[PDB]
Each structure stands twice: as structure tokens, then as C-alpha cells.
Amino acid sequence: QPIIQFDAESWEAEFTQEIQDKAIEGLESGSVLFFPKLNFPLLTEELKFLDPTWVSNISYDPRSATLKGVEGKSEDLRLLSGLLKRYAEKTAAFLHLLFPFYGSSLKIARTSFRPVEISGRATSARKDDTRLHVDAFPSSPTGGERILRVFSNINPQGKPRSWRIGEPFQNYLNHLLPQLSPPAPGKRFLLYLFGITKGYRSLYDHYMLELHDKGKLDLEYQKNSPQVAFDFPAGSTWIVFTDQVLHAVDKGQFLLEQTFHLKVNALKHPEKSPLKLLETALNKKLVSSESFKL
């Protein structure tokens, strides 16, 4: 079931255990959790930010209270920081209400505001997010940790955000497995020494980047693989492990996004993670820092 719909309409909603179970089982199975009625309202003073000219996308780090990617007057940067900080706070609260099993293992990461219309985008194949992919960032290895994202469509003209959702990760990995290759010896160490990567690119991160890139260049797979097109309405929110769920965006404007990280050993079913699926498929440990279980 690629998309599981929920009725919650508040960021402070209290959930029954049954809904919590549905959410964590769905999330870990690679479903998108969809909240059609969960809107993220803006203050009147923030409405001015609903304009693409503010990008010079925009990112905020809640851990350091630092805003990047935008220039302007102090008071405007304060207002924009306040908007993204509120999105970080509300998404973090919501995830702790919905996923108590993860406890304090949820680690917030960067907040993103995306005011540029998607349908006019055109770039190199590897960063073309109209192509189905799982998330893997060449400059930012994960060391196996999960990439969990919360998304909210805040389009004020009532325009949906058009996604496509692909086949399960295990089928994607199987399709691309004959195209995977090990890294060149010493190359990842040089990327680390040279500051091209933030941290060391694990073998896991190498293979996730290969899946991401080779999947995007596989034009027959992009055209023919199983996929469902879904429009997320304005005023809706959705939650997804974007390292596991194949996704692409086709159209839309004005998105808030919050990234969280989660260690694999905090998952209810760690064997369903991309890390463990890749380690099983290649019969090897793919992250050197891995904790060892006696």
C-alpha cells in the first residue's frame, strides 16, 4: 500500500496505539503516511515569503538556529528563521506523539523551504528530482542512519504537489544490482581528506549513491517501472523514509520540509532498512562504525 491515509488534523494530535501501530508499520514498510487535513498555517507577516525571489533553496538548522541560503534585512531573516523554526518544532512534536517507539532516537536535522515552482526545473540527470530515486547526497553520507522527512504543501492558491511513488526498495535494488560496482580503492578516503564529503562515505553510502544515480540514468526503468502518481493537496502533510521510498516530484510550488535522522537499531524492524537489505544482498558489513552485537 503505497499511501496510507490518516485523519489527524492537528500538530498536537493525540494518537491511539492502534494508529501509532499503523503508522510505524506503514512507515517501516516503505509507505507514505498521508495527512490530508494537517495544514501548516503561516502568520500574516510570513506571507511575503511566498515568493521565489528569496532564494539566493532556503535551509535552517534547528540544532544551531542558523539560517542559510537567503540574503536580506535582519528583521526579514528573523521572520524567516522563525517560520522554519516553528516548522521544526511542530514536526518534531508531531513525530514524538505519533512514534513513541522511537523515543529520543529521532534526531532533527535540516529544515527546508522550497518556494520555486517544480514544473519549470531542468538540470543534470543525477539531481533531476523528476526522476524516481531514493535520497542519497554525495556531500553528506549518512553512515547508515535513516533519512526521515516530513513534508507540508503550503501553496496559497490551492495547487497540489504532484509526486510519483515507485516500487518497493527491494525490487529497485534487485533491478539495479547488475549495474552496481565497488568504489575505486582509496577514492572515498580522498573525498574525505579533501572535504568533498562531510565525514567518510561508507560503503553503504557509496551503494545508495550508485542506486540513486544509476536509477536516474536508467531511462527504461524510469519510464516503465511500477509507479503511482499522487497529488498532495495544498494544506496537507506527509511523512516518508525518503531513503527507502522511491519518489519523484513533477509539479508544485511552496513546500516546507523537515529532515530527521534515526539509527537503524532504533527501528521496530531493522531488517527492512536499506542498510540491512544492502548488507544482506552483498553479504557484508557496509558501515565501519557499526556497533557490534555479541
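One rule holds for the numbers: they count along the sequence shown, beginning at 1.
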Using what the record says, work out whether there is a hole in the model between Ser56 and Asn57 and how many deposited residues it spans (none, 1 to 3, 4 to 9, 10 or more). 1 to 3
Mean CA B-factor: is it higher for 37 to 45 or for 24 to 32? 37 to 45
Name the higher of the two by mean Cα B-factor in the PDB entry, 5 to 13 versus 273 to 281. 5 to 13
Tell me which of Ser139, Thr130, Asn153, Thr111 tops the list for C-alpha B factor in the record. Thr130
At the C-alpha atoms, which of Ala184, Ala93, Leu211, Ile147 reaches the highest B-factor in this entry? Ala184
Please place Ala266 in the lowest, middle or highest third of its chain according to the CA B-factor in the PDB entry. middle
How does the C-alpha B factor of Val228 compare with the rest of the chain: lowest, middle or highest third? middle
For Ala248, the third of its chain into which the C-alpha B factor falls: lowest
Classify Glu71 as lowest, middle or highest third according to the C-alpha B-factor given in the PDB entry, relative to its own chain. highest
Which third of the chain does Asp205 land in by C-alpha B-factor: lowest, middle or highest? lowest
